[PDB]
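Consider the single chain below, provided in structure tokens and representing the form solved without Diperodon (POW).
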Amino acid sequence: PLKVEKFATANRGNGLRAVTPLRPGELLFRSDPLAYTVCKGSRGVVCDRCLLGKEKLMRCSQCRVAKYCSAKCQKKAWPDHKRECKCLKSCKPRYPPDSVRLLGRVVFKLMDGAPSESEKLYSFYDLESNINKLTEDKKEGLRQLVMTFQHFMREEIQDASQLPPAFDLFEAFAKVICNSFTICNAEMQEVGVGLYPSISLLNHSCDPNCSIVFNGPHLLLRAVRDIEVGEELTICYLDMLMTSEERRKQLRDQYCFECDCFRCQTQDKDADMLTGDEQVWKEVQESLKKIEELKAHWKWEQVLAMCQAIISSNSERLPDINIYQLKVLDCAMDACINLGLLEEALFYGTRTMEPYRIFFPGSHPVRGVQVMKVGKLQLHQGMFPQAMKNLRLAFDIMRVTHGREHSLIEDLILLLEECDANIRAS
């Protein structure tokens, strides 16, 4: 018995609404992807199948592009990799855009696979394309993706009889652009891109009543507020650390809509997000383009070097509540954790705690993860009362956003028991 149902909204296309009253933390839907792939930066760093990082990965011998954590993952991935393998090998050394590799997997799944549970409420065929809202520049970009797909897939798909009935590649890429999900690992690093057509029914809010979280490729949809019968379910499509102007640009560019929510009408939190000297944070925002690229490719030493030059600059500095400063602290923290620089990681992480309380109101999985990271760093440094407070706060958030079905909650329970045993021996 589903707790959610598809419906036709008055002015947002189709949507999802509650069939029963919902409480924070309630699991509403869970889904594997219709199709997914590792993303550009994480290719060869994480396993193609389970999206977990490993010090050494085994490569597919035929294409040498797909890489796996284990013989189990390589073999289990073979049915969904078999046809793309010949295309990837034929295209070497050229690697396709993520969207092109993704749509290849969509096509093979729809041609060769049984009907997917991911499409229970809504299918790839049903997805919004927004084609009549596309500007000419966007249509041109989609045409180039179509031609890139035809080149990449030529070994496996030569004509329309090898595509699903009435399949239009331009329309398919339009759907991919507006309906791709960024798959994040347990630490909230972007590691993949996938299509989850039933989850695509969720419309956007900058102050949503639901949240999604990834456990490998698996997606969990949970309520994060009380929700009444008939009430529309929403998620936030975007990073919370964005001004209303930034959200406006991305929602127009990628999703072809103008957001009418209260936060956008009132520029909610914009002024607090942009405190400090504008010339300074404009420079930091510029530097973050490279920092974000380095982080996406797991280049932690390079990330840390650039972040330290900002955090410890000889020149003017920013308040930690400035969102570009905050992003630099976040990246520096994550780099230090991955490099084993645990004292420095804790310094940066502790500084983010109050800004995160302000910018992630309610129960948000990203703040849950951040607080867990800080609590774990404090546990390792022997600060048991401080660690316990943060681990308990992380649990209060993550019991709602992640839940028992997410493996990170089991990890958190072990940290809480270890911290508690230390306190009791003191």
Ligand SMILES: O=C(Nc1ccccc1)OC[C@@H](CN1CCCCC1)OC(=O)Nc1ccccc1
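The first residue of the sequence shown is number 1, and the count goes up from there.
Omitted from view is the form deposited with Diperodon (POW) bound, to which the following refers.
Think of it this way: in the deposited bound form, Diperodon (POW) has a heavy atom of just one of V46, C39, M372, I397 within 4.5 Å, and the residue is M372.
With the partner omitted here, the residue from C264, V280, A186, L274 that has a non-hydrogen atom within 4.5 angstroms of Diperodon (POW) in the deposited bound form is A186. Diperodon (POW) is not drawn, but in the deposited bound form it has a heavy atom within 4.5 Å of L377. Using a 4.5 angstroms limit between non-hydrogen atoms, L408 touches Diperodon (POW) in the deposited bound form. Contact check for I337: a heavy atom falls within 4.5 Å of Diperodon (POW) in the deposited bound form.
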